[PDB]
Amino acid sequence: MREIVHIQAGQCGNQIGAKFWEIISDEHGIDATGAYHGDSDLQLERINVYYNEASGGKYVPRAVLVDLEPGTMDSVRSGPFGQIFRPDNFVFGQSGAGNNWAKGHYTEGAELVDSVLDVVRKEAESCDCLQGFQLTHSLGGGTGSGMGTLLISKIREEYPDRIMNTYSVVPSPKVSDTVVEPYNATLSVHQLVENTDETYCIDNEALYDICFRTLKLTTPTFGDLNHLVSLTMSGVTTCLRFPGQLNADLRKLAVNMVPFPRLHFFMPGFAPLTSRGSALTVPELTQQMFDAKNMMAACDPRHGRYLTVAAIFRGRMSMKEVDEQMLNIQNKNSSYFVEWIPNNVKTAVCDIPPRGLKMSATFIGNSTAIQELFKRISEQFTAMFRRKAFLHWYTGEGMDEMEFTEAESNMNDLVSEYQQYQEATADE
Amino acid sequence: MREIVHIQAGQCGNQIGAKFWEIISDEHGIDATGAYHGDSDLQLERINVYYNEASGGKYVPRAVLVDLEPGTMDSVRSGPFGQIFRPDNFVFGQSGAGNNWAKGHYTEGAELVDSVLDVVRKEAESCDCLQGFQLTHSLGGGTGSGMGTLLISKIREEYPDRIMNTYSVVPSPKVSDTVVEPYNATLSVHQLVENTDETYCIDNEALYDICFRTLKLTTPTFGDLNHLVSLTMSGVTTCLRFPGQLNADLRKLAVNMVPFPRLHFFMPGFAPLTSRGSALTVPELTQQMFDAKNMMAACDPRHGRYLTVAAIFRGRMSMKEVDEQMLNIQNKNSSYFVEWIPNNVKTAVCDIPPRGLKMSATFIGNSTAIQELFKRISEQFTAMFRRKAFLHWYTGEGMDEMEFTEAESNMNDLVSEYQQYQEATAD
Amino acid sequence: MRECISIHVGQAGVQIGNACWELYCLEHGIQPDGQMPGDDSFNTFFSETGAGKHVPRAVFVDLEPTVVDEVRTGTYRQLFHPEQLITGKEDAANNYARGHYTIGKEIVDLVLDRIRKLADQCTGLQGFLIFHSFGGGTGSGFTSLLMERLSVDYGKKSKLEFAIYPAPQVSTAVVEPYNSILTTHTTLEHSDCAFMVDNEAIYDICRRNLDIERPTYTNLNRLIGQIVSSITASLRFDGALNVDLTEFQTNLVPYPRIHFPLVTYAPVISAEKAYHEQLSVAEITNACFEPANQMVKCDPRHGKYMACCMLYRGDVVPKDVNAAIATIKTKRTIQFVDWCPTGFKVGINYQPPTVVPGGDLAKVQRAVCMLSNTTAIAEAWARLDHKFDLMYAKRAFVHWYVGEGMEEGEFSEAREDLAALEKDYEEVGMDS
Amino acid sequence: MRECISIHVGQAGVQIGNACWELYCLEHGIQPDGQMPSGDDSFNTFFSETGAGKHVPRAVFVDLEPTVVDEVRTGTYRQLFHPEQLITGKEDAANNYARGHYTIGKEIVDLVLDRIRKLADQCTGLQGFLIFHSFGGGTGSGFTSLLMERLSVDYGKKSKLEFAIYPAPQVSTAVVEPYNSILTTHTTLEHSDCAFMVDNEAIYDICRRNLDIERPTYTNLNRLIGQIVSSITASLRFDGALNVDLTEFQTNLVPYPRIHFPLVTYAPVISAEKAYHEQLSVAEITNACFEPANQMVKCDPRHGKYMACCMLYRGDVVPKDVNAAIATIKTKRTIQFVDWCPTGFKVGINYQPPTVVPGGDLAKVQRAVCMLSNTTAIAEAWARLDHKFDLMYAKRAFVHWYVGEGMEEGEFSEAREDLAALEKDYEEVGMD
Amino acid sequence: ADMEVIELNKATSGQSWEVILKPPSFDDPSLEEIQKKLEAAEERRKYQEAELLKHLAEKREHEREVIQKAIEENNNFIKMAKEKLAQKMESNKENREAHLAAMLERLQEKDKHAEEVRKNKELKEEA
Ligand SMILES: Nc1nc2c(ncn2[C@@H]2O[C@H](COP(=O)(O)OP(=O)(O)OP(=O)(O)O)[C@@H](O)[C@H]2O)c(=O)[nH]1
Ligand SMILES: Nc1nc2c(ncn2[C@@H]2O[C@H](COP(=O)(O)OP(=O)(O)OP(=O)(O)O)[C@@H](O)[C@H]2O)c(=O)[nH]1
Ligand SMILES: Nc1nc2c(ncn2[C@@H]2O[C@H](COP(=O)(O)OP(=O)(O)OP(=O)(O)O)[C@@H](O)[C@H]2O)c(=O)[nH]1
Ligand SMILES: Nc1nc2c(ncn2[C@@H]2O[C@H](COP(=O)(O)OP(=O)(O)OP(=O)(O)O)[C@@H](O)[C@H]2O)c(=O)[nH]1
Ligand SMILES: [Mg+2]
Ligand SMILES: [Mg+2]
Ligand SMILES: [Mg+2]
Ligand SMILES: [Mg+2]
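Chains as they are written, first to last, in the deposited numbering: chain B, 1 to 278, 283 to 432; chain D, 1 to 278, 283 to 431; chain C, 1 to 37, 45 to 439; chain A, 1 to 38, 45 to 438; chain E, 4 to 30, 44 to 143.
Rendered as structure tokens:
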């Protein structure tokens with residue numbers, strides 16, 4: 001369990017993926033040219049989990065950049081760490097997906113899917129011990145959602161024994177691009193329930209709310225949203241790229257976090273909440293685990309019960325203090341953890357804080373409260389589906405109305421399942 | 001839709017036809033020899049609609065001059081602009097039609113009809129894009145009425161897809177005392193109802209009245225009546241001869257003006273009303293649209309309802325003022341326009357005024373009030389037909405009494421139809 | 001790549017094409033001879056010859072040669088190859104039956120042949136942009152025939168229209184409501200999206216905002232060209248946010264028949280004044296919901312929005328756009344249907360709206376073009392349908408169509424279809 | 001000669017082996033390169055000798071992943087071991103027993119047995135095996151149980167003694183550790199002769215309390231574990247008199263095959279940084295033996311009954327003082343033994359003094375003691391583990407991870423039923 | 004005081020003995049078994065992986081069925097558009113020709129009547 005192959009698909013997937021690569025490069029002391037200029041051995045100990053070592057001292061991200069349109073690829077190449085990427089790993093079509101899941105999954109996406117598999121196969125065969133795949137994408141558009149989910153199932157066919165992990169950006173009317181977002185998201189959730197092992201739910205509703213309410217940004221932009229996403233992704237991957245005992249690899253994390261196969265949707269949390277232009285004690289950080297204000301999915305952790313939680317503390321802090329505060333947070337809030345999964349909160353402490361901060365906390369939660377996010381998508385979906393609004397754009401691509409009823413049913417079943425375990429008692 | 005072939009038949013047709021050719025030649029800067037000596041580019045832009053370009057820079061009217069008697073043809077040749085015409089295009093017989101429609105349509109006219117078709121075929125085949133035919137003739141005589149209507153049906157047979165347009169001079173007891181004029185006119189109306197696409201009704205009753213009452217000419221002559229006809233014809237063909245958007249060709253005009261196939265009889269209007277030896285404002289010009297005194301057909305526009313109207317303003321005037329005044333004239337007179345044909349009044353403004361004037365207005369009206377002109381002909385006809393007076397003039401030529409009953413019925417039906425749509429409500 | 005073929009039909013379609021292609025040349029630095037001394048997105052609308060000259064991916068068609076002859080002899084006569092400027096001899100005489108059957112059938116194959124040759128030069132054809140009036144014989148009849156033949160030759164390939172809605176102030180024919188209903192009926196099934204432009208709205212904006220006493224087609228087409236250029240700027244440039252032919256369709260069309268967006272444009276400033284100062288992003292965004300700035304006369308307060316697409320251009324920042332749209336979301340006067348959770352597609356291009364030197368429009372720092380699907384646009388169909396009924400009840404002018412081989416049943420079928428469309432806008436505006 | 005082969009399985013087994021072998025080297029005067037500048047020859051039971059005069063541990067270090075063993079391969083003692091005895095795979099068991107037993111373990115098991123066979127070939131009087139492993143890890147649980155099964159086939163009557171790490175939340179790595187513990191105990195019950203359990207919480211708390219270490223690391227825990235393992239094996243590696251052979255462990259501590267889990271107690275555990283204190287007497291260290299605070303497994307011996315007690319004294323200890331110390335303890339305390347066993351202790355004195363790693367957390371003491379007692383009170387550790395198993399298993403939480411590796415649900419029922427029978431056995435044995 | 008000490012062993016580095024405080028109140045697998053169990057587990061692991069691939073193959077077949085459905089629908093739309101237009105163009109051609117044939121039949125009849133009038137004029141004249 002060493003190498004991870006990263007895939008970023010569509011406008012959203014490429015934007016948050018480029019931001020991920022720039023934060024972790026800074027943390028690992030890697031410059032825009034792939035050169036290491038750090039001052040710690042912890043920075044290079046697990047560098048191979050995400051980077052390949054190329055000709056003469058340089059490190060190249062094991063990343064495949066995908067889109068059905070070239071514009072997004074160009075903006076990444078031009079961006080801050082654009083030249084760090086392997087040029088042969090940029091795979092793009094010319095047609096675009098027209099913000100249509102059916103075009104990404106069945107038509108134009110199917111035409112470009114083989115070109116992507118060939119690049120990810122080259123990266124995977126190069127691995128001494130492949131952990132699996134990490135995909136960043138949006139659920140609201142056409143390429144990230146439709147083609148990204150098509151890629152998951154084609155990779156599932158060739159690598160059925162590897163871990164499939166996603167960072168899935170949930171659409172919100174608060175920061176919306178297209179009218180059909182609830183259809184594209186529902187058709188993607190249906191695919192993620194069946195084919196991924198771990199999905200981090202990155203909700204644009206929660207990110208907009210953090211920027212507006214907490215960071216006091218009257219008019220947040222994608223840059224403000226993506227600054228929170230980059231800090232969150234740096235936090236959730238801490239275990240994978242620095243030496244440590246707990247959840248050090250994709251399979252060990254899945255085994256610790258997923259008690260039931262379909263319930264693999266995580267609610268990420270982060271403290272402190274910062275803006276792009278600029283404190284915090286151990287008890288203050290531990291408290292944010294139950295704070296809906298610090299959640300990256302628009303759900304309240306106090307509304308459900310945590311099945312499992314991974315808490316990651318970063319920076320110079322006392323491990324003894326972290327241990328004391330974590331025990332207190334579980335004992336004081338006993339009613340928000342399922343009683344039938346003993347010691348279900350695992351804590352890890354890393355001496356290297358994220359880029360720009362001196363201390364931080366990141367929470368990977370598998371909470372039954374995530375059903376609120378799925379219910380919100382379901383209600384937006386039924387509002388359109390009841391009237392069959394915009395359906396000709398999907399049926400025109402060869403889809404049947406039946407696939408919509410099936411995607412909706414599966415998602416309502418998933419909500420019903422979270423509710424079933426939220427109510428499940430130890431005394432059967 | 002480029003070239004128009006013009007035909008003038010009989011004494012009246014040749015007289016008003018020659019006058020049309022001299023007015024439009026002056027407007028287009030063409031002299032009696034066919035030479036252009038104008039100053040404006042608008043004068044030559046659509047010169048090909050009526051003129052052929054001959055050897056050297058000369059322009060020759062695409063006109064066929066027809067008569068069963070030679071006299072009017074000699075008069076035309078001698079007249080002003082007589083030499084402009086193509087000599088081979090003068091087709092004449094020697095016999096005459098004796099003010100008898102039967103002689104023009106069936107006997108003498110039938111003998112000369114082929115000689116005419118020979119000349120019009122040569123003109124029509126020379127056209128890059130033939131619009132159709134334009135005929136000037138009288139309805140009360142023998143040649144213009146009988147032979148002119150025979151020509152329409154023969155030309156129609158060979159060119160069924162072309163527009164057939166006439167300038168038809170309606171008889172009046174005021175001008176012409178040749179007693180059988182109601183018979184010749186009725187037999188011609190019957191033909192025009194069935195075979196023309198657009199007929200401008202030029203009424204001698206209205207022309208006589210304008211000269212006598214408005215122009216104060218105690219004894220008007222054909223020269224005085226024809227001065228009004230020349231100004232009116234210059235006005236109605238403005239759209240065909242000069243660059244413009246509205247009614248630029250014969251078919252576009254017909255489609256805008258004729259809602260029902262048989263109701264293609266227009267009431268032309270003109271302001272100012274001038275003598276042969278003589283400027284109004286925009287509001288003054290627009291008012292004359294409802295003035296019976298300015299109508300070339302002896303009908304009152306306020307007596308009926310306009311199905312469609314084309315208003316043509318010529319001279320240096322504000323298009324904004326014309327637009328304001330035209331809106332006001334239809335809003336104030338809403339009861340005189342049929343409600344079930346929306347926006348049925350189309351206005352056009354041309355910078356070139358007619359010969360002799362600085363500003364003018366011409367109105368092409370398709371009004372239900374034209375039934376007054378047909379009723380007048382019908383009553384005169386029945387007065388004679390009831391007694392079978394002069395019938396042997398027509399039966400002697402091989403005609404049956406049945407053709408008379410049929411022509412009369414067709415005309416009464418046309419009156420009944422104008423009345424039906426005058427009373428037709430949107431409900 | 002991502003090519004778009006422009007088809008201009010009849011006098012209105014051709015004269016509007018004149019304004020558009022002149023403006024695209026100015027916007028991309030292309031000289032009238034096709035030469036240009045790097046974005047490269049303009050290649051979606053211009054092909055390139057071996058000699059380095061740029062040629063529009065366009066066909067100009069008219070059944071009469073007068074209008075196209077002005078292009079053939081004008082400033083841009085070297086920009087187009089003569090094979091792409093197609094004309095017959097006789098026009099459709101403001102008769103749909105002549106455009107579709109009698110006169111159109113004689114030139115239809117030639118037009119398709121030239122479109123086929125333009126399509127051959129496309130590696131990723133998005134579809135077609137068809138410009139035509141609803142009123143003219145060629146604009147109505149020939150476009151309907153062409154739409155039908157394009158569906159046979161290109162199947163479901165995207166077909167979007169720019170249609171001139173008739174207005175009495177500049178109307179050329181009494182039968183225009185007949186031609187409009189017949190062409191809408193035939194075209195409904197073959198069009199994917201039709202942007203309607205009411206001549207009275209363009210006329211009144213010219214009078215009010217530009218101080219032009221009696222606007223001519225020159226004035227109307229300069230403004231129309233500005234709007235068409237705004238709609239195609241996302242295709243011909245690569246800005247902060249782009250939108251292709253497919254993205255317009257997916258966002259603006261919820262049901263196949265409901266494909267008529269309302270176009271709004273701001274700011275329209277007279278080349279005079281100078282003391283106009285510069286309008287903010289919020290100011291130009293607000294103006295899009297004002298009925299005075301609409302391309303079709305109708306009242307959006309009497310209707311409900313199902314989709315709104317904002318096409319910004321010039322000195323525009325996404326932060327400024329989001330703040331402006333946020334204030335618009337809170338407007339009680341701007342109602343959306345309940346089955347539409349989100350109705351905002353934003354696109355931003357950095358290239359300011361270029362104006363024709365010597366023209367009536369001023370050089371602004373930022374401008375916006377909104378495309379909105381509102382049920383209020385059914386008011387334009389109701390106006391047209393009523394005028395049709397008045398004439399058809401008496402069979403007034405119907406003999407002109409029947410004489411060309413058309414049947415009266417086609418008038419009944421066409422009107423019944425538009426009556427169903429009126430009911431569709433009513434049903435779609437209902438709450439669930 | 002009485003040779004013993006040590007088998008270190010998984011991260012816990014390998015890291016504890018590091019501490020054990022470092023301490024044995026210190027105790028026998030062996031340098032990290034295997035040299036010893038040479045008491046008695048008993049050290050040969052744990053170290054073979056090469057032709058070059060170097061001493062090599064009779065040990066195999068196994069992990070399904072290479073990170074932990076790689077530290078041994080590159081560390082200070084990289085010359086003490088030959089690379090053939092440090093065996094690693096590429097992919098670990100991902101904290102899943104089924105993965106370590108049925109999937110990954112299956113491919114490396116033969117290689118490990120082959121290397122064990124080669125170490126056994128060098129033995130003249132092989133006593134048996136000492137297996138160090140965690141209950142919680144996928145390798146410590148799954149691979150050890152697979153290895154125990156094959157060792158029973160290849161070495162019929164050879165003794166197998168375990169040193170097993172009981173899971174503790176303070177240092178726990180996985181939620182499913184109670185599943186792995188019950189599954190490995192079930193499969194290993196029949197193949198082990200004696201298993202000395204070590205609760206990570208007990209040693210974690212002794213490090214905090216006795217050594218003043220705020221947040222003890224595995225380095226601190228294993229240094230302490232190493233002292234206890236050294237105390238137990240001292241009579242095999244030195245010419246001792248109690249538990250001098252492996253078979254003697256079953257004879258002295260195991261009355262029934264299934265009840266093979268002795269409780270280990272150790273005293274004194276003194277901080278190295280302690281201000282020069284007076285040495286603890288024999289009475290003082292003996293009394294501490296009977297205090298729950300000094301136990302390796304958290305449980306209450308007051309709630310149970312002893313069936314065997316072995317006192318392993320080390321250093322400056324006289325039999326007269328031991329007997330006086332034991333006499334007082336019986337006088338004051340209860341020391342309830344089961345009715346079929348006599349109340350009494352088997353005492354052993356190993357004169358070799360207690361050795362500590364220089365620079366470590368433990369002070370060098372003059373005398374120390376390690377008690378091994380088979381008490382029914384240890385069933386409290388099984389009850390804790392069994393309850394956590396039941397809570398998760400009732401909901402089939404995490405079970406899909408095991409079934410996906412080829413395991414059947416019936417194995418969970420069988421494993422739990424077997425540990426329910428074990429709980430009943432401790433109850434039956436303690437009855438009278 | 005009652006404690007029975009019993010010497011056991013005494014060696015170079017050790018000494019051992021038993022201390023009695025009170026007397027008591029009351030006086044194999046096979047390689048084949050292992051191999052059978054491990055192979056059974058491997059077959060279950062392989063069976064579930066094989067069933068997963070069979071279902072992923074069913075999703076690949078569905079993907080082809082939707083693409084084929086899209087292509088058939090576009091071709092059927094072309095087929096319907098082609099015959100609707102061919103029917104419309106041919107009906108219109110029949111109608112326009114019928115209207116123009118009827119108008120030339122009317123004109124022809126009028127010309128037959130004209131020669132019939134000419135016939136009567138001739139017998140009225142002469143005689
Ligand atoms: N947080 C965040 N959300 C984004 C970003 N870009 C787009 N989104 C969201 O993602 C959804 C749209 O998905 P996209 O990935 O942009 O679509 P696409 O795959 O590029 O589709 P095409 O344009 O057809 O190629 C919406 O709900 C947006 O709010 C970004 O940079 N950050
Ligand atoms: N306005 C006008 N009417 C005329 C003129 N000449 C004759 N008319 C009218 O035309 C009718 C008589 O018809 P004519 O044209 O002279 O006769 P024709 O068509 O030549 O037939 P024939 O004399 O039989 O050869 C009467 O209604 C006259 O009032 C003229 O120059 N102007
Ligand atoms: N905005 C605008 N409208 C125009 C223009 N030219 C004509 N129109 C409108 O189009 C309608 C008339 O149709 P046209 O396009 O001129 O006719 P056509 O398509 O050439 O057809 P025919 O000439 O009948 O063969 C009326 O509503 C006019 O106001 C133009 O340049 N701009
Ligand atoms: N005392 C002690 N316990 C340890 C050590 N390392 C791990 N553990 C415990 O062992 C359990 C986890 O099992 P591991 O031995 O690390 O895992 P493994 O045997 O390598 O198996 P995989 O990594 O899953 O293949 C937890 O209870 C840990 O606290 C160590 O060095 N000392
Ligand atoms: Mg994109
Ligand atoms: Mg005469
Ligand atoms: Mg035209
Ligand atoms: Mg391990």
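Note that the Cβ used here is the ideal one computed from N, Cα and C, for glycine as well.
- Query: Whole-angstrom Cβ separation of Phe-265/B and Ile-374/B, contact assumed at under 8 Å?
  - Reply: Going by Cβ atoms, the distance from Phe-265/B to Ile-374/B rounds to 5 Å, so yes, they are a contact pair.
- Task: Take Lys-370/C as the anchor and find which of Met-203/C, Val-68/C, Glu-27/C and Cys-4/C has the nearest alpha-carbon.
- Result: Comparing Cα positions, the closest option is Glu-27/C.
- Query: What does a CB cutoff of less than 6 Å around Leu-286/A pick up in its chain, not counting 5 residues either side in sequence?
  - Reply: Around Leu-286/A, the same chain offers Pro-274 as residues with beta carbons nearer than 6 Å, after the five sequence neighbours per side are excluded.
- Message: What does the alpha-carbon distance come out to for the pair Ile-202/D and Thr-136/D?
- Response: Going from the Cα of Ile-202/D to the Cα of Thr-136/D covers about 10 Å.
- Report all residues from its chain with a CB closer than 6 Å to the CB of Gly-308/D; omit the five preceding and five following residues, and keep chain order. Excluding sequence positions up to five before and after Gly-308/D, its CB lies within less than 6 Å of the CB of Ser-371, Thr-372, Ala-373 and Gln-426, all in the same chain and listed in chain order.
- Measure the C-alpha to C-alpha separation of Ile-24/D and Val-60/D and round it to an integer number of angstroms. Rounded to whole angstroms, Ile-24/D to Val-60/D spans 12 Å at the Cα level.
- With distances taken Cα to Cα, identify the nearest neighbour of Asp-224/B among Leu-273/B, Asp-128/B and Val-189/B. Nearest in C-alpha terms to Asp-224/B, of all of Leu-273/B, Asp-128/B and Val-189/B, is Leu-273/B.
- Inter-residue spacing [alpha-carbon to alpha-carbon] between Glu-168/A and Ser-6/A: In this structure, the alpha-carbon of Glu-168/A lies about 10 Å from that of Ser-6/A.
- May I ask you to report which of helix, strand or coil DSSP gives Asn-249/A? Residue state for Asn-249/A is assigned as coil, using DSSP reduced to three classes.
- Do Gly-402/D and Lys-137/E come within 7 Å of each other at the CB atom, strictly closer than that value? For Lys-137/E and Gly-402/D, yes; Cβs fall inside 7 Å.
- Query: Does the region 330-341 of chain D come within contact of the region 295-313 of chain D, defined as at least 3 CB pairs closer than 8 Å?
  - Reply: By the Cβ rule, the region 330-341 of chain D counts as touching the region 295-313 of chain D, because three or more pairs are nearer than 8 Å.
- Message: Give the residues whose C-beta lies closer than 5 Å to at least one heavy atom of ligand 7, in chain order.
- Response: Selection output, chain order preserved: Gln-11/C, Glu-71/C and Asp-98/C.
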